[PDB]
Structure formats: C-alpha cells, structure tokens
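Down below is the structure, laid out as structure tokens.
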Amino acid sequence: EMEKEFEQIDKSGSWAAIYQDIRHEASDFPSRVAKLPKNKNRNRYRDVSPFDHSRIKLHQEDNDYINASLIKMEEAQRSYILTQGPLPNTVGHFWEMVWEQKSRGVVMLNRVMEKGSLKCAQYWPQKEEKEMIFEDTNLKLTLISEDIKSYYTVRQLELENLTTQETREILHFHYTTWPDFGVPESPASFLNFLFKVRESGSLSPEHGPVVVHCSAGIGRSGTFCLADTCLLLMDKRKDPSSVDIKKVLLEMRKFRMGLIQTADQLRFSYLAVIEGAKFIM
Ligand SMILES: O=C1CCCc2nc3c(cc21)C(=O)CCC3
C-alpha cells in the first residue's frame, strides 16, 4: 500500500532519492525530428523534445512538426496529448492539432505570465465579439461563454474550419491557482479540477485525446495525467493497492521525457492519488 510507503519516504525524507532512481530508470528514445534545424523555432526549450515514436504529426505537407507527444495508457484505456504552451508563431499549429485529433478538451495548468515572464502565448479570445483567425491554418476561434471560479475557469469555445465550414465546441479548463513557486499545500482544488474535466466528457473514448499543457508540458501536465490514470486503475482492479505510482510514471515516460520535474511534484502526486482514493471509497 502507497499510504504506508508515503509516511516511510516522508518520515525518512527520501523524496530526492526516490525521484533520482526514476530519473535513472526512465526511457531514452530518439527525438531526431525535434532537433532538425528547420524546427528550432517551434520548440520553447531545447532540452524538452517529443520522442519520434510518440510525436503528434500535423496533416500539413510542408512541415508536420509540433512539440506534442501522445501518451497511450493501455490498461486504463486512457490517452492524453501533452504539449508545450504554444509560442506566438505556433498558435495556428496548436489549433490545427486540436482539429485534426478530434479533441474535446484543452487543460491549461499555467498562467500566461509567471515570475514576470511569458510562459505561454494568449491563444484564445478574451471577449465574445473579438474572435481570432489563424490565417496559416484556416481556423476561426470564438469565445461562447466563460465561467470563472476561485481555483479555475471553464470556457466554451467554437472552433470553425474556414476551409469546410464545420464547427466544433471545445472546452478550455484553466487551473489558475498553481503557485509561482512549489506545489499547492492541499490537493483538494486540483482534485476538484480533475473531476470537473472528467464530468465534461473530455477524457472519454467517444472523443479524441484531451490536450494538456503547462509551459514545457512535462511537470504540472505530468501530475494531471498520473493522478487521472492511477485513480482509474484503482477502480479497474480487483486489488486497488496493487497500483504502484512509480511503475505508472515510468510507463508514461516511454511516451514523453521528463514527466514530473521535481521531487515536490512526485510527493504532491502521491498525495493527490491518496486523497483522491479516500474521496471515492
Ligand atoms: O522561442 C521563441 C519565442 C517567440 C517565437 C520564436 N520565434 C523564433 C525563435 C524563437 C522563438 C528563434 O529561435 C528564431 C526566430 C524565430
């Protein structure tokens, strides 16, 4: 059981030690397409790249590259697309991928500005009457509604294919209260957010994979998926205590490098799963 394993690592403060064994144990696959010189300007950080085998491809013939990985969890029957916060020059690309992958939801776990710097382009409209056009990808994006709460904001967006005149409703879940330094003290508000996305139908196999981003798409995005997947496996299994979070983290890291950036995030992920377990049972 992981609740006993928690106290153990916690009382002995072994979190930096555990996290280093996962660093050591993690997969390394090629990322040749990311390191191509033509794609230098499509990457937010040079040290965070999609693996070739799991990278999402854009259906434009010119350059199919975007910094985005498909995470397939076989046993949980869950998929996620993990991507960097879009750059000013890739907001078109980003909305093309959401179109092409038939995604219902976008989950955002960062503010546009943190620590006085830009962590992300403003890629959605701020006002109903001021829609955005992506000329390069031929998409129009309109704010339909917006429901601001203490910890998170939910927006209803209409994405239209200008080429074909099809329209789709997209939900944007934005967690607005991740602190600039560290992790939340309590996972209550993060668990509330997770369920809010789940109830929306955005995580369901009748839709394309959810799109999940922070700044690099590995730290906070990492915590989102890991909590979702572990909690779902505890429902799916005869013995819920057979679920090892280290095993699941390492299975996710086959798909995208670096998921969970700090020992703090690892601790917080155990805490979210452990608290989340009690809320169900
Ligand atoms: O990382 C960024 C931020 C804004 C968009 C952007 N555009 C370019 C770069 C880098 C970035 C380059 O490295 C070369 C020129 C194009």
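Naming scheme: A, B, ... for chains in displayed order of the structure tokens; residues 1 onward per chain; ligands 1 onward as shown.
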Taking the DSSP assignment computed from this structure's backbone, write out as number ranges by chain all residues of region 91-271 of chain A that belong to alpha helix (DSSP H).
A: 91-100, 188-199, 220-236, 245-252, 263-271
Using only C-alpha atoms and all ligand atoms, which residues of chain A come within 9 Å of ligand 1, and what is the closest atom pair for each, with the distance in Å to one decimal? Give it as CSV, sorted by chain and residue number.
residue,atom,partner,partner_atom_place_in_ligand_line,distance
A:40,CA,ligand 1,13 (O),5.9
A:41,CA,ligand 1,9 (C),4.2
A:42,CA,ligand 1,11 (C),7.2
A:43,CA,ligand 1,1 (O),6.6
A:44,CA,ligand 1,1 (O),5.0
A:45,CA,ligand 1,1 (O),7.6
A:87,CA,ligand 1,5 (C),5.5
A:88,CA,ligand 1,5 (C),5.5
A:89,CA,ligand 1,5 (C),5.5
A:90,CA,ligand 1,5 (C),8.0
A:121,CA,ligand 1,4 (C),8.8
Output N, CA, C and O atoms for every residue in the selection just made, as a PDB file, in the first residue's frame.
ATOM      1  N   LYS A  40      13.800  24.440 -35.082  1.00  0.00           N
ATOM      2  CA  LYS A  40      14.490  25.166 -33.979  1.00  0.00           C
ATOM      3  C   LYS A  40      13.520  26.180 -33.357  1.00  0.00           C
ATOM      4  O   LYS A  40      13.519  26.315 -32.125  1.00  0.00           O
ATOM      5  N   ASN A  41      12.740  26.867 -34.197  1.00  0.00           N
ATOM      6  CA  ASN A  41      11.841  27.970 -33.785  1.00  0.00           C
ATOM      7  C   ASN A  41      10.465  27.460 -33.346  1.00  0.00           C
ATOM      8  O   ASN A  41       9.631  28.327 -33.019  1.00  0.00           O
ATOM      9  N   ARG A  42      10.208  26.139 -33.384  1.00  0.00           N
ATOM     10  CA  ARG A  42       8.924  25.510 -32.963  1.00  0.00           C
ATOM     11  C   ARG A  42       9.078  24.920 -31.568  1.00  0.00           C
ATOM     12  O   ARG A  42       8.081  24.392 -31.077  1.00  0.00           O
ATOM     13  N   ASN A  43      10.244  25.041 -30.938  1.00  0.00           N
ATOM     14  CA  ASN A  43      10.475  24.475 -29.576  1.00  0.00           C
ATOM     15  C   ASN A  43      10.687  25.602 -28.562  1.00  0.00           C
ATOM     16  O   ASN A  43      11.427  26.491 -28.825  1.00  0.00           O
ATOM     17  N   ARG A  44       9.974  25.548 -27.454  1.00  0.00           N
ATOM     18  CA  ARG A  44      10.035  26.555 -26.369  1.00  0.00           C
ATOM     19  C   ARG A  44      11.348  26.356 -25.605  1.00  0.00           C
ATOM     20  O   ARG A  44      11.992  27.337 -25.382  1.00  0.00           O
ATOM     21  N   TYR A  45      11.709  25.130 -25.225  1.00  0.00           N
ATOM     22  CA  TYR A  45      13.006  24.771 -24.583  1.00  0.00           C
ATOM     23  C   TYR A  45      13.705  23.720 -25.442  1.00  0.00           C
ATOM     24  O   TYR A  45      12.975  22.826 -25.980  1.00  0.00           O
ATOM     25  N   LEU A  87       3.859  28.891 -28.574  1.00  0.00           N
ATOM     26  CA  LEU A  87       4.568  30.134 -28.920  1.00  0.00           C
ATOM     27  C   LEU A  87       3.679  31.007 -29.794  1.00  0.00           C
ATOM     28  O   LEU A  87       2.777  30.516 -30.460  1.00  0.00           O
ATOM     29  N   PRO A  88       3.974  32.319 -29.875  1.00  0.00           N
ATOM     30  CA  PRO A  88       3.285  33.220 -30.794  1.00  0.00           C
ATOM     31  C   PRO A  88       3.166  32.708 -32.225  1.00  0.00           C
ATOM     32  O   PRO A  88       2.171  32.951 -32.881  1.00  0.00           O
ATOM     33  N   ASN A  89       4.195  31.996 -32.688  1.00  0.00           N
ATOM     34  CA  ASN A  89       4.297  31.505 -34.090  1.00  0.00           C
ATOM     35  C   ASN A  89       3.682  30.102 -34.231  1.00  0.00           C
ATOM     36  O   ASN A  89       3.553  29.653 -35.376  1.00  0.00           O
ATOM     37  N   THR A  90       3.279  29.440 -33.139  1.00  0.00           N
ATOM     38  CA  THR A  90       2.685  28.069 -33.213  1.00  0.00           C
ATOM     39  C   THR A  90       1.233  28.026 -32.735  1.00  0.00           C
ATOM     40  O   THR A  90       0.697  26.893 -32.650  1.00  0.00           O
ATOM     41  N   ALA A 121       1.790  31.863 -25.048  1.00  0.00           N
ATOM     42  CA  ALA A 121       1.030  32.855 -25.852  1.00  0.00           C
ATOM     43  C   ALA A 121      -0.439  32.876 -25.397  1.00  0.00           C
ATOM     44  O   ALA A 121      -0.932  31.861 -24.950  1.00  0.00           O
TER      45      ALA A 121
END
With distances taken over only C-alpha atoms, which of A:230, A:23, A:122, A:46 is nearest to residue 260 (chain A)?
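Selected residue with least distance to residue 260 (chain A): A:23.
Each of A:94, A:6, A:99, A:195 was compared to residue 207 (chain A) using only C-alpha atoms, and A:99 turns out to be the nearest.
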Just to confirm, what's the straight-line distance from CA of residue 168 (chain A) to CA of residue 73 (chain A) in Å (one decimal)?
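That distance, rounded to one decimal, is 26.1 Å.
Compared by their closest atoms to residue 185 (chain A), and using only C-alpha atoms, the residues A:269, A:142, A:60, A:167 rank with A:269 nearest.
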Write down as a VMD selection string the residues of region 21-231 of chain A whose backbone DSSP state falls under strand (DSSP E or B).
chain A and resid 50 55 to 57 65 to 73 78 to 83 103 105 to 108 113 to 114 117 to 118 127 130 132 to 134 139 to 148 152 to 161 167 to 175 208 210 to 213
Quote the spacing between CA of residue 208 (chain A) and CA of residue 102 (chain A) in Å to one decimal place.
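Taking CA of residue 208 (chain A) as the start and CA of residue 102 (chain A) as the end point, the length is 4.6 Å.
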Find the residue from A:38, A:103, A:69, A:228 that sits nearest to residue 276 (chain A); use only C-alpha atoms when measuring.
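Result for the nearest residue to residue 276 (chain A): A:228.
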Coordinates-based distance that separates CA of residue 154 (chain A) from CA of residue 169 (chain A) (Å, one decimal)
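Atom-to-atom, CA of residue 169 (chain A) and CA of residue 154 (chain A) are spaced 12.7 Å apart.
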Ranking A:57, A:278, A:247, A:196 by minimum distance to residue 26 (chain A) and counting only C-alpha atoms, which one comes first?
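For residue 26 (chain A), the nearest of the candidates is A:247.
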Excluding residue 59 (chain A) and its own-chain neighbours fewer than 3 positions away, which residues fall within 10 Å of it when counting only C-alpha atoms? Please give them as a compact mmCIF listing (two decimals) with N, CA, C and O atoms, in the first residue's frame.
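In the end it all went to result_9.txt:
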# COMPACT_ATOMS: atom_id res chain seq x y z
N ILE A 56 3.09 13.80 -32.11
CA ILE A 56 1.87 14.09 -32.92
C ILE A 56 2.32 14.73 -34.23
O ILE A 56 3.09 15.65 -34.16
N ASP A 62 3.92 20.54 -45.88
CA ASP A 62 5.08 21.45 -45.72
C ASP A 62 5.99 20.94 -44.58
O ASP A 62 7.07 20.39 -44.88
N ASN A 63 5.57 21.10 -43.32
CA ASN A 63 6.30 20.69 -42.09
C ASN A 63 5.28 20.12 -41.11
O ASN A 63 4.37 20.85 -40.71
N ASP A 64 5.41 18.86 -40.72
CA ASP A 64 4.36 18.21 -39.90
C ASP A 64 4.68 18.36 -38.40
O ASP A 64 3.97 17.73 -37.60
N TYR A 65 5.72 19.10 -38.03
CA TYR A 65 6.25 19.09 -36.65
C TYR A 65 5.41 19.94 -35.68
O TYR A 65 5.13 21.17 -35.94
N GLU A 96 -4.76 23.62 -35.12
CA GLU A 96 -4.82 22.58 -36.18
C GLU A 96 -4.74 21.19 -35.55
O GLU A 96 -5.54 20.32 -35.95
N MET A 97 -3.86 20.97 -34.58
CA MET A 97 -3.72 19.65 -33.92
C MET A 97 -5.03 19.33 -33.20
O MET A 97 -5.49 18.21 -33.35
N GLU A 100 -7.43 18.28 -35.92
CA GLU A 100 -7.06 17.01 -36.58
C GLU A 100 -7.22 15.83 -35.61
O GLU A 100 -7.59 14.77 -36.05
